[PDB]
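The chain below stands alone and is given as structure tokens, in the form deposited in one PDB entry.
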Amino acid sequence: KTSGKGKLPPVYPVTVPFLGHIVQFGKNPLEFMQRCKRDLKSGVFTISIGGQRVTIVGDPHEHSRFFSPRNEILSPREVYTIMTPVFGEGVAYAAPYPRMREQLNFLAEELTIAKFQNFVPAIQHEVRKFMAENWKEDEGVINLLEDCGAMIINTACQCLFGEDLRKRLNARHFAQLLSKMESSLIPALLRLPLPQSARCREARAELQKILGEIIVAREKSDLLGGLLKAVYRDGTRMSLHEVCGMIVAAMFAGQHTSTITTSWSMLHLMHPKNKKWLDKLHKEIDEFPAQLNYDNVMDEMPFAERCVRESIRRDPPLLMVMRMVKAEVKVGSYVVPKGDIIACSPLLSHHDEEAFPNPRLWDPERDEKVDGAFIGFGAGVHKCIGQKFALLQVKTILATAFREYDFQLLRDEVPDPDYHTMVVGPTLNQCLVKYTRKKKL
């Protein structure tokens, strides 16, 4: 059972039992969680979605307690059921953890620092190719958020998709399918049974078929190829279904998190308030040639990476990460019982006054004042596997972009975090920016 002296973290009083806190938690979770933490004199607290127990680890010191326990204790599968139609049955979380671990490990091996051999030139190539087309005028106005999403997807494909695949699967067209597979991840039913999404099913099968054809044609380097060579610890290869899933996951995971990190970063540096930091950025990328190489970005862009880190810290794209509690776990002084859902919020954590004084301030030179406080890319057993690539990708984009362009916000102050989904980026209708082409002669 327990048992039986299991303590329980303070519960926040709900005005409406049936409602839960959803009405508030949606409008602005930050203020809400920040309020609970303050009033309950405890960084670790439990709130209820309607008729449900949810314990939030909002104490930076306690991140270990959340990220270190293995799936057997804290299981993510139950929470992320929703994504199964997207990743597929028996893929990722949907599958048993012994297999899941393997699947991800294979994807990881494909995004390792080892594979970045030509990635940089590939990225830099696609970026310029986009700027030339969509930013013709010497001085014009565009939407940064929409444009970063395009650069990200195009860039990623140039890296992880082979010549044959790209021509067959148009880069933009892939985002078309990717977007349809999400038309079902806009919740919006939690108490009732799960319904299938026609949009998602079709778009995935449309992608799976295409991929299927390439494999046949390929049968008389890229992520897809890398995945084919894959063999399990029992002597089994990944099926088309499983391969398609991993790729979809890789692209889904990257698209939204990176396009937001890239947007936020450009937005800060862009603001006159952050002129100083823009100067030290140019100190860094001015002496670089027009053609960047792996070394330039990986080992010669330290400040640039700091900007990206701080942008992820201040406004983490991933609101919370959650897991189903199967067994008792110790958290600080308190404890969380079986059956509950334990969450951990980068957003709340990154705003702890002790760990990040003045958390709404964008300071690329700030440091964890509590070791481990930053969980932008997760931690422990579930560390992000696309981190290294995301950074290479984002840093390279920042360079090419600020190498031959100057940007100016049309708004007064940096955009507001647009909280709706678990994924949070800058407010779309505020990401309008005027670009002016740098002087040449």
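Definition used throughout: the rigid core is the maximal C-alpha set that superposes within 1.5 Å between two forms. One-based numbering along the sequence shown.
Figure legend: residue 193 is marked as unmodelled in at least a third of the other comparable entries of the protein. According to the entry, the deposited sequence places 4 to 9 unmodelled residues between residue 188 and residue 189. Of the two segments examined, 258 to 266 and 115 to 123, it is 115 to 123 that shows the higher average Cα temperature factor in the deposited entry.
Checked against the record, the higher mean CA B factor of 338 to 346 and 231 to 239 lies with 231 to 239.
Within the selection 405, 389, 377, 66, the deposited Cα B-factor values reach their highest point at 405. By the numbers in the PDB entry, the CA B factor is greatest at 199 among 199, 273, 306, 369. Compared with the other modelled residues of the chain, the Cα B-factor recorded for residue 382 ranks in the lowest third. When the CA B factors of the chain's modelled residues are split into thirds, the value for residue 130 lands in the lowest one. Annotation for residue 393: CA B-factor lies in the lowest third of the chain's modelled residues. Split the chain's modelled residues into thirds by C-alpha temperature factor. Residue 358 is in the lowest one.
Residue 289: CA B factor in the middle third of modelled residues in this chain (values from the PDB entry).
Although not depicted, the form deposited in another entry is the subject of the following passage.
Rigid-core fit between the shown form and the other one: of 101, 77, 199, 306, the one residue whose Cα shifts 2 angstroms or more is 199. After superposing the rigid core, the C-alpha of residue 428 moves by less than 2 Å between the shown form and the other one. Core-aligned CA deviation for residue 417 between the shown form and the other one: less than 2 Å. Pairwise change in the other form: residue 199 and residue 427 C-alpha atoms lie farther apart than in the shown form, at least 3 Å.
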